[PDB]
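Notes for the one structure printed next.
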Amino acid sequence: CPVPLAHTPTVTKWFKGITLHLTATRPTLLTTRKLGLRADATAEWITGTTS
Amino acid sequence: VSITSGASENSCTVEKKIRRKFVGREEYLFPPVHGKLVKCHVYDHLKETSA
Amino acid sequence: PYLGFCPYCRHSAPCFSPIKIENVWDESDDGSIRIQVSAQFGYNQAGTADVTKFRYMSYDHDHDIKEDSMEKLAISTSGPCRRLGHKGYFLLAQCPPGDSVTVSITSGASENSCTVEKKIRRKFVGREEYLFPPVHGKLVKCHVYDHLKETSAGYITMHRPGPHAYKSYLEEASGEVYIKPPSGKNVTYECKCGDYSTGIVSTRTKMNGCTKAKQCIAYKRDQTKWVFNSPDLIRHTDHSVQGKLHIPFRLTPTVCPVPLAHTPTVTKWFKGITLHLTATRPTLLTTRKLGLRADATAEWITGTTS
Amino acid sequence: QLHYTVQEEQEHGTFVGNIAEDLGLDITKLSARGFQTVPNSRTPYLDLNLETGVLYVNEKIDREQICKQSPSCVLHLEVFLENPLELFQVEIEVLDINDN
Amino acid sequence: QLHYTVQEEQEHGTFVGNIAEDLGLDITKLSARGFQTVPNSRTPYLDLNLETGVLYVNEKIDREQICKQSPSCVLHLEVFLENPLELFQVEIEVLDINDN
Amino acid sequence: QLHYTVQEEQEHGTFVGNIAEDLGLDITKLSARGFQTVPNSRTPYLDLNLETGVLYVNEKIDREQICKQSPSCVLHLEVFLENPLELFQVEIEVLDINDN
Amino acid sequence: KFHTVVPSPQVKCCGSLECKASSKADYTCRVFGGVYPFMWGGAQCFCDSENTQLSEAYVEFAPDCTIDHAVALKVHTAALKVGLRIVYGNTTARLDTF
Amino acid sequence: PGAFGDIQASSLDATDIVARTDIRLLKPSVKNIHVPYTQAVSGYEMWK
């Protein structure tokens, strides 16, 4: 099945941290995880434009 | 499902919550022209297959 | 009239129907949608004045132009719509709120139809929603799309048609490629099998020094017709402005009737008022203090409250 | 709504009616109030004089390709005054040729 | 989108066209990618030799039986590859016979 | 549900089927149980004898007027009992009479 | 609302194109390698190698922007003008003053 | 991009239109010719 590819995010860097500016006309899944002892796993469905 | 025997519309209806579902990590109405491929499953149209 | 890449069709797959949908504007207060399409509606086969028929690029190997009665077009979204006007590459229609605009030139068997995703939702003008233009009530200014085909909303720059290669023209026999131009249709058989080899023939001509059809392309020259700057055609050598066609159905100001709410019952109390307002559909209420501190209050109200 | 009747096959410029007087609109003020057809109501068979309110047939009245919308053969139109805002309506029925 | 053309009555096993060669796919590699038609596009009238990539007529073609709601009598048919994923499209159009 | 069959063009008062007898409902208790036709299912062609649950022709049976809804001429009726609550269905199939 | 106009793509059969600078609003151009595209025949270029394909896009104003559009303004010090009706004794007058 | 005044010009008919809408082209992937692209939503619409 073909599936869409979301708009490429704009990454803004800062000291020990990142900011994703996201644009998605429809609900897009965002999933982040750390690479350490604790996953700190986060999941969120995002619509519209946000940060 | 109804048989339209002229004006003899014998019919039967049953409740079943048929939602619009999608596959992958993106909502969409139609399979987009451009994007990634992914593994999906659909019913085979060949009337001679066997589920 | 040019065929074009269509996102989705009646077989739910990539299609090249000459009815491909373009931009779908819907800034009309009445809810009319202006649709640009890839098939000219409002001309005869010659492209002179007419209203009963429309011309679309053909699927045949000749890939000429065919004219068919406009009665076959049935624009539909969530439900059947109603055509408001027709002019070349543009159609005006009013549609029920829907997620997708579908043009159906189909007639009986001829199930040609394309669909593009366009969010369409009922809109209202004024501070109160109305399901229908109400009989009574104040009239306010609004803007709707004009039904006069003459009135022009802009122009689109059309250019010369880029080379369209069609596989049937080329034919490879025993490792020998023979260009087979249509009868009376000189085809430019430009090919390169290790060396550039152009030329034009009108007869079954074996391209010498060439054995792979992958190295030869055959296409005719119908440059007299003009095509829209549609991103589904390879541009030709020159892509400068060949002509401009007016955009019909120009948006124009007009008057629209809006409803009037039920006058609120006012209860007076010490340094304060209570508004027993009442409204069936969403009605906006805005109260601002007449002093330096505006302290404006804004809230859409439904039902009855105080 | 000013209901009017017109026969078919009328010539261009054929008179139908004076909406201005029938609606008691000031004929002198029509231009002053921007008297003009409602854009989303304009229809090709009909045309309106913007100085007197005289209605005159714009196109040879085709009692077939109109009448695919109705065998009542209804042509439908609206007109308005900008200042003050006033909206008015017109209906035009294409009568049959009685002298067949 | 590949294109093929056919007429009615073509016998079972009538050659239509290799799709891999048209798309420049190694015919030997077809097995390595499990090449076959997409299960929501198949129809019985056409069938594919998976090893060679040759499409043939699998049941007698008939504009009357196949091509209700398709007067030019397109059959639309589709194909894919797994290693890596790829997908392709074929139209098969049935023309009239001039030996009428 | 009680299936019944009946000739068309039969006159008013022509007895057809006895629902209370076929159902086995105590004929004498019908009135005590307030036996009557279900409101949103009555047909103008038929009426029910409330003393015995006896259904009869109320108006002239006709395929052109009864089977207007569906050529399959199978009229439908419902009846109910209040104390205790009970509900029943009746299907009256209009025959193609052998005299046609 | 901007209208995102995409000019018709141009393909060099198996040569190579190059992206020229333009002045259109947010003018953007990119170059892609082997494409071997399809239009309706199934081969719109011979020599399926280094099939350079140029993509071009820019934006302009939508046709309906002639009416629905916002003007951005900077305001400076505002002057006050008043219309006055003055009546003295029995005689009245109207005037407008700054 | 995605904010008010993402497209600007001195007039409706001005040819000196300047914009920064953050539009990026993508490599086409399906063999049918088409140009795909992605773009931030109209900041004018967001402000509206």
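Ordering of the structure tokens sets the chain letters (A, B, ...); residue numbers start at 1 within each chain; ligands are numbered from 1 in the order shown.
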Where does chain H meet chain B within 8 Å, residue by residue, with the nearest atom pair and distance in Å to one decimal for each, counting only C-alpha atoms, listed by chain and rising number, as a Markdown table?
| residue | atom | partner | partner_atom | distance |
| --- | --- | --- | --- | --- |
| H:28 | CA | B:34 | CA | 7.3 |
| H:29 | CA | B:34 | CA | 6.8 |
| H:30 | CA | B:34 | CA | 7.0 |
| H:36 | CA | B:34 | CA | 6.4 |
Residue list for chain E near chain C as a VMD selection string, 7 Å, only C-alpha atoms: chain E and resid 68 to 71
May I have the residues from that selection written out with C-alpha atoms, as a PDB file, in the first residue's frame?
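New file out.pdb:
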ATOM      1  CA  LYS E  68     -20.152  -3.409 -18.884  1.00  0.00           C
ATOM      2  CA  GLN E  69     -19.469   0.088 -17.516  1.00  0.00           C
ATOM      3  CA  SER E  70     -16.373   0.211 -19.737  1.00  0.00           C
ATOM      4  CA  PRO E  71     -17.266   0.933 -23.371  1.00  0.00           C
TER       5      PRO E  71
END
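Counting only C-alpha atoms and comparing E:85, E:66, E:20, E:79, the residue that lies closest to chain B is E:85.
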Running DSSP on the backbone, which parts of region 1-38 of chain E land in alpha helix (DSSP H), as a PDB file with C-alpha atoms, in the first residue's frame?
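Saved the output as part-v6.pdb:
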ATOM      1  CA  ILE E  19       5.757  -6.312 -18.427  1.00  0.00           C
ATOM      2  CA  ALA E  20       9.214  -6.755 -16.893  1.00  0.00           C
ATOM      3  CA  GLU E  21      10.990  -6.076 -20.186  1.00  0.00           C
ATOM      4  CA  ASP E  22       8.799  -3.025 -20.799  1.00  0.00           C
ATOM      5  CA  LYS E  29      15.183 -11.391 -10.785  1.00  0.00           C
ATOM      6  CA  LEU E  30      11.372 -11.592 -10.977  1.00  0.00           C
ATOM      7  CA  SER E  31      11.408 -14.691  -8.766  1.00  0.00           C
ATOM      8  CA  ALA E  32      13.722 -12.973  -6.268  1.00  0.00           C
TER       9      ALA E  32
END
Which one of A:20, A:25, A:10, A:31 sits closest to residue 46 (chain H) if you count only C-alpha atoms? A:25
Give the strand (DSSP E or B) residues of region 22-61 of chain E, as DSSP finds them on the backbone, and put them as a PyMOL selection string. chain E and resi 36-37+46-49+54-57
Which residues of chain C come within 9 Å of chain B, and for each one, what is the closest pair of atoms and their distance in Å to one decimal, counting only C-alpha atoms, sorted by chain and residue number, as a Markdown table?
| residue | atom | partner | partner_atom | distance |
| --- | --- | --- | --- | --- |
| C:6 | CA | B:33 | CA | 8.8 |
| C:7 | CA | B:33 | CA | 5.9 |
| C:8 | CA | B:30 | CA | 7.4 |
| C:12 | CA | B:31 | CA | 8.7 |
| C:13 | CA | B:31 | CA | 8.6 |
| C:14 | CA | B:33 | CA | 7.5 |
| C:99 | CA | B:29 | CA | 8.4 |
| C:100 | CA | B:29 | CA | 8.8 |
| C:116 | CA | B:30 | CA | 8.7 |
| C:117 | CA | B:29 | CA | 7.2 |
Quick one: which chain A residues come within 10 Å of chain H, and what is the nearest atom pair for each with the distance in Å to one decimal, counting only C-alpha atoms, rows ordered by chain and ascending number, as a Markdown table?
| residue | atom | partner | partner_atom | distance |
| --- | --- | --- | --- | --- |
| A:5 | CA | H:38 | CA | 9.3 |
| A:6 | CA | H:38 | CA | 8.1 |
| A:7 | CA | H:38 | CA | 5.9 |
| A:8 | CA | H:38 | CA | 8.2 |
| A:10 | CA | H:22 | CA | 9.8 |
| A:22 | CA | H:40 | CA | 9.0 |
| A:23 | CA | H:40 | CA | 6.3 |
| A:24 | CA | H:40 | CA | 8.4 |
| A:25 | CA | H:41 | CA | 7.8 |
| A:48 | CA | H:41 | CA | 8.5 |
| A:49 | CA | H:2 | CA | 7.7 |
| A:50 | CA | H:2 | CA | 10.0 |
6 Å contacts from chain H to chain G using only C-alpha atoms, as a PyMOL selection string: chain H and resi 17-20+31-33
Next, write the just-selected residues to a file, as a CSV table (one decimal), in the first residue's frame, keeping C-alpha atoms as the atom set.
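Output file again.csv follows:
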chain,number,residue,atom,x,y,z
H,17,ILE,CA,6.2,39.5,-5.3
H,18,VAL,CA,8.5,38.3,-2.5
H,19,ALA,CA,7.7,35.2,-0.4
H,20,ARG,CA,9.2,32.7,1.9
H,31,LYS,CA,7.2,6.1,-12.7
H,32,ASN,CA,4.3,8.3,-13.9
H,33,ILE,CA,5.6,11.8,-14.5
